[PDB]
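Here's the structure we're looking at; comments come further down.
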Amino acid sequence: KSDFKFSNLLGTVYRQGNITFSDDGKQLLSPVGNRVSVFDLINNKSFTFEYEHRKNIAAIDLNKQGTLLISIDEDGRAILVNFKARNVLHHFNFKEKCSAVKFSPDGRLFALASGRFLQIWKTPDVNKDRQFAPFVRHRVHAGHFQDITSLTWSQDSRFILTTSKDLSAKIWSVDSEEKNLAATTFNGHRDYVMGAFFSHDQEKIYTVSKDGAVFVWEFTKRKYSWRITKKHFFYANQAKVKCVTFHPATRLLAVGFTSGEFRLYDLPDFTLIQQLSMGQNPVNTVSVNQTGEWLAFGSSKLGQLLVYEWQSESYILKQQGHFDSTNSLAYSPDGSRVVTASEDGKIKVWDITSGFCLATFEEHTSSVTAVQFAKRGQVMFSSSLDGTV
Amino acid sequence: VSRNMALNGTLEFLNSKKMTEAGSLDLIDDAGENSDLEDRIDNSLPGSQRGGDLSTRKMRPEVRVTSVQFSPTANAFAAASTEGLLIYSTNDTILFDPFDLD
Amino acid sequence: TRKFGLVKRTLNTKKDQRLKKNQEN
Amino acid sequence: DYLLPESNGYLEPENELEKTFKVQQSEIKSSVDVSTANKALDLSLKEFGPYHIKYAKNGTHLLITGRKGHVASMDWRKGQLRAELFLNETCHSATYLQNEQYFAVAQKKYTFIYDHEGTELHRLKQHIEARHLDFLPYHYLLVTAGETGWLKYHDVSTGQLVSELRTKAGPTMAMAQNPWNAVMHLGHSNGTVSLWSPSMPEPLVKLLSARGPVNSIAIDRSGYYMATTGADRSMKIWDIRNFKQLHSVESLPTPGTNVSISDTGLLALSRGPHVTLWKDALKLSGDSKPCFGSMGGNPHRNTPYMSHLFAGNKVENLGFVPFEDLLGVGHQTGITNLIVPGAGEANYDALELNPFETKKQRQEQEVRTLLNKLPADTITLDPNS
Amino acid sequence: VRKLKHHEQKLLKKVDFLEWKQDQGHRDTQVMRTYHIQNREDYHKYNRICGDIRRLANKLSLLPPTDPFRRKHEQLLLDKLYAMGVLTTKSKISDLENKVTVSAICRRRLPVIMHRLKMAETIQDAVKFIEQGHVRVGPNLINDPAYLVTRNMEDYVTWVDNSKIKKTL
Amino acid sequence: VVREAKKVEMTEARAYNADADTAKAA
Amino acid sequence: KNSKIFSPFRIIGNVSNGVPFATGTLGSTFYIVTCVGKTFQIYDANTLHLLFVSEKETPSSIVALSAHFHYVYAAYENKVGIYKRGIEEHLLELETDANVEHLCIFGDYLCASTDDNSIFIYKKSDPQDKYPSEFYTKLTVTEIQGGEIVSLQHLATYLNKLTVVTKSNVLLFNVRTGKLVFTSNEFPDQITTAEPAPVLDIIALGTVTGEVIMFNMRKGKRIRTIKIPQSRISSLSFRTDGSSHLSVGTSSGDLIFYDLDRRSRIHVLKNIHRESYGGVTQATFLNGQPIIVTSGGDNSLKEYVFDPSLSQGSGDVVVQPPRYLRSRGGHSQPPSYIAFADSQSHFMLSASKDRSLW
Amino acid sequence: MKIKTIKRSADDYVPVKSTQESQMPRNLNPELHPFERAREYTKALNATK
Amino acid sequence: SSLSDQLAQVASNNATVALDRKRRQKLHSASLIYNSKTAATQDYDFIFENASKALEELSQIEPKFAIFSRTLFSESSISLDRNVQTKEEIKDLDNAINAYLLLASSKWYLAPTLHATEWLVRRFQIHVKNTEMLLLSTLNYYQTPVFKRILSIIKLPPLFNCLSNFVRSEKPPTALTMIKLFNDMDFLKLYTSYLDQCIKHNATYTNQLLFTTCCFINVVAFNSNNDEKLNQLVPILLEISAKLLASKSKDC
RNA sequence: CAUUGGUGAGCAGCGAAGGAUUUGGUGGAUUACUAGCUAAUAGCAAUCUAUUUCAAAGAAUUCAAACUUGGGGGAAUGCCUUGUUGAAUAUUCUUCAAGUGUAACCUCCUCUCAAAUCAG
């Protein structure tokens, strides 16, 4: 009757940082202002973790199997979370601003893009107890000139390449005896190489830059090493990339442009599937599953999230919250319903367990201020600075 | 409600290493150094308090909680904050707990 | 210990003698 | 020729076993004379951003601009400090235009023209971006290249805009003005430095300088050799007089953030944690090609003349004192003056610039220069045409 | 800089370092003087909207005269700009280009409002009191000196409670 | 006398490398 | 003995115990490795921030601490830990049941002494390799050669020469061979503390009397002596910054500062560490810096500096006395009562028989 | 390792007496003097005007 | 630190190196007899001729000052400024200056000494460049207005900080200021480093030496209660007493 | 008389080898601790130089490139655009007009207030 603990945060569906699905396509990880929300798509439920971060989140990933969650601030506060258990395991402090954490497909070790540094650490063990210093830095690769903006493993754990705002996109292995097998760098672009990738076969390399360019690197002849076999330009005129992902097993590029446009390609062919205007507002993050049939966008101009299929023209959720504009809140007589009003006018209807705006009403033109329920939770009203109730 | 440095009225005591000679260390306009033109563009009208958009306060967002209600049943209270709707409850042990993991 | 209302002190049109309209007196 | 009263300092190996580049600055500070050894400053002002450096054309005043709020004009040799401005907008560069009384800072949006005391003289409605803010006193022309494609020429004598030239090249990644020629050099992401005059709306000549983007460019006193660095870990030695890159130093360990040229012929290459200067590298032979390591100590292959590694920094920019043998390197926490033996010229001409100047001598010389300003159409590819 | 000679003057005909035409007479500073704004860009934060008033006020004057949208939208402009109090009158349309100054929107500033009400002696003492945290606008204590306060919000400025300067009066 | 503590930064110096002391077999 | 609900995480609240800590450098900067029973701690010297802790509690208490650049060598009962970053990379278990007394690092070797008056030698498997793993040999000190082994040091520019000092005298060995290359004669006092020197050939020895002896080996002669009235010396250190200065740490808690050129004490610090808990346990000048880090048995670790000299004209004569700098302390006595102070498990109050809160 | 720098010596360029006029060291090296046509041209135009 | 304090430190590094000509008419215009309007207009050669004109009489009083004619008062020793020299040369310059100062400390009632050391003030900035030896050699003359002039010219070190109110004063510095000057501890380490320097050099004359004992004695007078401050005062006085008794001199 | 004012004397009273005040300097925290430097799988840290250089890899809007301008006028002289003219070899450049064309370039505004004083 006294003890109230934090259960769940609702809405403000994207502010800052990386978006990811889990191993399964059920669990979607999004950052909130300082927390991580998980939205389960088929089993339609929502969740936000019991803890909060100290600054805004700028980097996020979860484990291979869904055991460990790494959230990293703008500054580099790193929080190890038992993802299945929703309890915090470790607060590490990375002293640089990092942009990408990616676990191994092995799950054995993760890596981090901080500055011109790549830091490759072993995973802490989940079934093991929590230790003082769980983290063991395996290696540190500092062969880059400017801040490293994107990063990926291979589908094998034995190959990791990172890309910077410096022109370079550089591969190494985990282990140094696998250095001599492939350790080289890629250059020859124009701009910020914003995403470089392995294909699903580990022989083709895709490198994508901010200017609108892709190179198809391949270990081929004129010993002999690593030529461009082709380039690919979407020819975005003044618009340029913000975010790019590549689903390898179906050979699919998701692009995010500065103009809010987004493209899909088939990368040995480079063929435009469809162009969607996500809006005026740019895609700040793209994401695919391992199945690669859902896509996830976030506009940090508005604060919206969007799960949409590439193959079928069909969304999953088009959620658009409003920061600083959560004016009213209303419990129904039923304990299953919640009403949130706004200054933008949207009045949403939530379930407490399944945190979804089941309904909205976008019919007020101005701020909606006060909302009360009456008659067993049937009717629900909305007084406004829109001049009405 | 929220423990965030970028939220403005969170901290009780400010860190004196950020109080420089003339000014805060954070009150300097750092939007002018972004790589992108759009993030370098400033549209902030000066004295906007809880106005339209986030970028136009020319400030950090204040930590404020507008609306407060109880659940009837399980005494759970929800408050729509600046961050969003928060839920406190007495529905304890809904924290999901896997047992004997391989 | 900084004084309040730390304002941008700038060119005074009514006090700066570098102005030739205030070169007289 | 024999009237020339002062001769340069040198640095000599004295053995093949003893090496020239291995000298360090605390080791240098032993043998240099007390005022000149003390002219090395260590201004660690770690609170604000990384620091931009510019000495005036006479070394009498230092101007610095940290990236966050700092604007600071010291009468550098003495204890006097003229300006200390804290603008919470972020800044990129600064230069004294005519004297230490008037300078200009390159902000987030607008250039500002400023009194010695720190007062505001002139905010420019134009110059809506300002990345490189450079001056030529022989035209009284503040030439400014922001992140815009354009390039702006403000004649601060009259106080009016001369012209504004859109390059179609994009954001300016480098700009170095020519002292001998007053042609401006802009460097952009294609690897392309364009020479510029305010009259000609197309550039005087474009130069495909390197691959990748232009990290920086820096020009001789004689205007003969301009040392250009790309972000491709490469530095070209352009001879502008016939438009040829003399040497192409390829595969640096890291691309140089900036380059700088002394008077007597030194070249400064700052990869950012390291600052390395070569002597007589701008000459015609590929024996004079500046190279990092000469195997076997061959006289043909050329070693660096003076080396330094900054530990906790990645330095911003650098500039020699024009009449003395130091160079101000602006690092993240501040300013070092690294002591060279023979960088600056020993025998200045007072009737060109005065390193030792009374204020009454200054207001005589300022009026002398304003009488001798050139109107902007005289900026040409040759001074003598 | 020099009280330069009769022979110097005719050669340096057009030059100046103090008052430029791009510097527009330093007019903004005279408003930065009279209203004591902290940053310079607050002026150009008003003057970037102030022309935007006229840029709508001009082209609504270019419509046909009894265009029934034109007289309605101009009334919607003028009731809005009269709620914020940036013009004294609303009967005439001519204030939309003649009265919309930076000084008129800048005399709807917060210390100007308290300086009218003579809670403060000068303008900058009210700015110092906002900085000290003495003032409030109805519900909220405001820290910012640069508050745009409407005409209808003008009754809501009081001193904040339990202070040392509310007991001073 | 002005007895005030000054801010004291650690400056770098050099020490002997004791790991350089061994010669191997003949 | 094992718990199921809880498990040990760390023993919060400890800085040191009295075991002679080691100093190391990363590049230009300094770290400090102290002991707390079965768990050692690493610090930056420039802030006394905690850097690493042991990955494991050792099964017995650590007896000795040495530290090279990236590798910290702990020494408990029979086995010696080669630790990178506080993690057990290589345990070197000595082939006795005698307890490890002291330890030193030079060359391709490691040398650690036991209480059977016998030192063990551990070569690197290669000079290419970094930590010593090959077992070379065991040499001993019989009672015609020396007494109980007080320290092993390596004075610099001594090719494979190992300087083993006892309560009686000093020995020198070629640890490639295993031959005693020199034995020093007995000093008539009971030698208690060794320290190498930034001058050549000199080992400083602080005995059970208040006497410090500078001792040569190329001479084999005790070049200078230094007296102390009625104090038992515990630690010796040399300020290598730029003026020749010597640090004498008593077991009475007092720290005495000499300038051997002026032949004069500079200032004696009193009671920087508790006398009952071992006095001053270990004080060491950071090499080439005017900063001395002191460590007591009162769970405390202090820093002191010489201010630069006020005399512009003199310099070296007029010396500012040492001055308090940052310190990490703990409860000297065990803590009588603790509690959890805050709600978010940030702070804990701990009161002891040291008569203080923390 | 011969180390030699420039020294202005602070007495040659700035004279001893207060009544003494300044010493004016000149280097007619053309690199120091950039504009031998144009600056002389502006002097001539100033003289003609 | 702040920038302004980090830059006013560079004033202390170049307080004598005159760069602007007003810095010269500040740096040359202060000297021991001449008023600063007439001291502004003095050529170096003109001051050196007066320097030798007093130095020849001084060398004829006792021959030990003849060696500074070979080095310090050489006709070649005019043009050389200090800041043009290396610090290893500057150390030998300071050695000559110091050994001259304890030498002339006896002869300081003579206007020959005032006219000799004024050139050294003006040629080698010894009011600023080496002021600890300037004050320690001439500390006993606190009633004499030659020293009182010297106080208005010396850049005061932190060790001589009682006289921060007495530079450019009318009335002479009092006898109690000598005790409060000496009542510091590190000042006494400077006075050992003066008197021990005078002992090996055997330049120890009676009047200054009586001032030494009157100051040290008044220090232990002032430390009659502070027995712990007295117990750190035994090392400074008993060393001066012991090294004093190693003199041949009987007044010592 | 209340002084509920303090000075001023005092006293009861408190009270362990002083009490009371004021301030300079520095250190410690003011976010949750994995070491410094570098060219970084490694080497350094007494040093990277007489292996740092060869090698490979490395060049699109065929010139997309002010997302940035206080508002009105105009915009002579410039530029832009096409219309239109000549020259050279399918393109630059000479010449020329039309542009409620125009962040160059000319002016008007973007100052005069129930703030106070002052005659009536």
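We count from 1, first residue shown onward.
Heads up, header says this was done by electron microscopy, 4.3 Å.
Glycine is no exception: its Cβ is also placed from the backbone N, Cα and C atoms.
Scan Swiss-Prot for phosphoserine across B:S16, B:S35, B:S44 and the hit is B:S35. The candidates are B:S48, B:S55; Swiss-Prot tags B:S48 with the feature phosphoserine.
Counting residues per DSSP class in helix, strand and coil order gives 0 helix, 16 strand, 23 coil for the repeat 'WD 14' (B:60-98). Counting Cβ atoms from all protein chains shown, B:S48 (phosphoserine) has 17 others lying within 10 Å of its own Cβ.
Within 10 Å of the C-beta of B:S35 (phosphoserine) we count 13 further C-beta atoms, all protein chains included. When the alpha carbons of B:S48 (phosphoserine) and B:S35 (phosphoserine) are compared, the span between them is 27 angstrom.
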